[PDB]
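No hydrogens, no waters, no symmetry mates; every other heavy atom, side chains included, goes into these values. Proteins get letters first, then strands, A, B, ... in listed order; numbering begins at 1 in each.
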Amino acid sequence: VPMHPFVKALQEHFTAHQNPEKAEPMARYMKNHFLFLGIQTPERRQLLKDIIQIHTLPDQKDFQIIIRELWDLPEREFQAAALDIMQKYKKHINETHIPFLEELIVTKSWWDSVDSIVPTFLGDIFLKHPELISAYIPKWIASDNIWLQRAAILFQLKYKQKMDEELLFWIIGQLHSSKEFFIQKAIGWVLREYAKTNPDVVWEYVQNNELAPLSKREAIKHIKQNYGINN
DNA sequence: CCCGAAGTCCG
DNA sequence: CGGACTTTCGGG
Ligand SMILES: Cn1cnc(N)c2ncnc1-2
């Protein structure tokens with residue numbers, strides 16, 4: 001079975017505009033885990049737009065197929081485009097897509113893709129269906145996969161006043177001993193972000209519970225101005 | 001325009 | 001460790 005024509009068209013059009021000179025530092029920035037074509041986001045968005053204008057966006061029956069085929073292509077711009085395309089199908093994504101999103105998290109994994117999946121697509125799903133959190137989060141924390149662990153930390157990132165504080169702190173407590181940078185930093189990030197909504201609770205948490213030094217410092221990057229740094 | 005959100009380099 | 005500085009991206 002041939003590649004979906006929309007994906008083939010995108011591949012052809014991206015490749016025709018590749019920039020090997022830019023590709024080298026772009027790939028180095030992601031620690032050479034991926035090949036790059038060398039197309040940065042403004043042009044990459046326009047090239048996608050070009051193909052939608054010519055071909056139209058595929059029927060929703062093909063949504064998951066298109067995403068997978070792009071995920072399987074070697075150059076990282078195709079996963080970035082896949083995520084742009086998933087946003088175009090946003091109104092069709094629901095709680096039944098959690099396993100599909102899980103599989104995207106644990107394939108071609110790195111912070112650029114995982115952070116584009118978790119606080120937005122998964123965050124929205126669990127905001128609407130909080131009763132499903134306990135069907136996934138314990139497994140993610142227990143897994144060997146640091147990107148599922150990061151997903152458990154960051155899916156609430158944008159919740160603001162809808163944050164489940166008890167859940168957030170329980171998740172952080174489970175992962176606070178991790179020596180993995182991407183886990184320590186995610187803990188720092190979600191605490192720093194939630195402190196914009198409720199600084200008192202984050203300050204109390206970091207003063208009274210164990211965290212990696214990186215996590216604590218990132219958490220209080222801003223609110224240390226509000227409380228002061230004791231001698 | 002601005003500000004806030006990985007990478008290298010240094011002490 | 002933790003700060004200074006880097007380029008890119010999202011968004012006010
Ligand atoms: C991706 N990226 C680029 N530049 C910065 N200053 C950043 N801080 C966090 N993440 C960043």
Over all strands shown, is [X] touching base, sugar-phosphate only, or nothing at heavy-atom distances under 4.0 angstrom?
| X | value |
| --- | --- |
| A/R45 | sugar-phosphate |
| A/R192 | sugar-phosphate |
| A/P25 | nothing |
| A/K196 | sugar-phosphate |

Linking I/L/V/M/F/W/Y whenever any side-chain heavy atoms sit under 4.5 Å apart, do A/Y205 and A/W170 land together? yes
Decide whether A/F169 and A/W140 are clustered together by the hydrophobic rule: side chain heavy atoms of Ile, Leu, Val, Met, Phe, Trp, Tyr closer than 4.5 Å, transitively. yes
State which of [options] makes the closest approach to the side chain of [X].
| X | options | answer |
| --- | --- | --- |
| A/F182 | B/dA5, B/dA6, C/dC9 | B/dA6 |
| A/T41 | C/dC9, B/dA6, B/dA5 | C/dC9 |
| A/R217 | C/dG3, C/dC9, B/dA5 | C/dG3 |
| A/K31 | B/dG7, B/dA6, B/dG4 | B/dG7 |
| A/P213 | B/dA5, C/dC1, B/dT8 | C/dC1 |
| A/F181 | C/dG3, B/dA6, C/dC9 | B/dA6 |

Between A/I66 and A/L10, is there a side-chain heavy-atom distance shorter than 4.5 Å? no
Should A/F63 and A/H97 count as side-chain neighbours, where that means a heavy-atom distance under 4.5 Å? yes
Using atom [atom1] of [X] as one end and atom [atom2] of [N] as the other, report the distance to the nearest whole Å.
| X | N | atom1 | atom2 | answer |
| --- | --- | --- | --- | --- |
| A/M30 | C/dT7 | CE | P | 16 Å |
| A/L157 | B/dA5 | CG | P | 10 Å |
| A/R28 | C/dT6 | CZ | P | 16 Å |
| A/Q40 | C/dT7 | CD | P | 12 Å |
| A/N19 | C/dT8 | CG | P | 11 Å |
| A/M26 | B/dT8 | CE | P | 16 Å |
| A/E24 | B/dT8 | CD | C1' | 16 Å |
| A/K158 | B/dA5 | NZ | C1' | 12 Å |

Could you tell me if A/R76 sits above the aromatic ring of A/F34, with its cationic atom closer than 6.0 Å to the ring centre and no more than 45 degrees from the axis? yes
Reckon A/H33 has a side-chain N or O less than 4.0 Å from the OP1 or OP2 of B/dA6? no
Does any nucleotide pair with B/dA5 by Watson-Crick or G-U wobble geometry, both distances under 3.5 Å, and what is it? C/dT8
North or south: which describes the sugar of C/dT6, going by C1'-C2'-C3'-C4'? north
Identify the heavy atoms of A/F36 and A/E75 that sit nearest to each other, and give their distance. C-CG, 4.1 Å
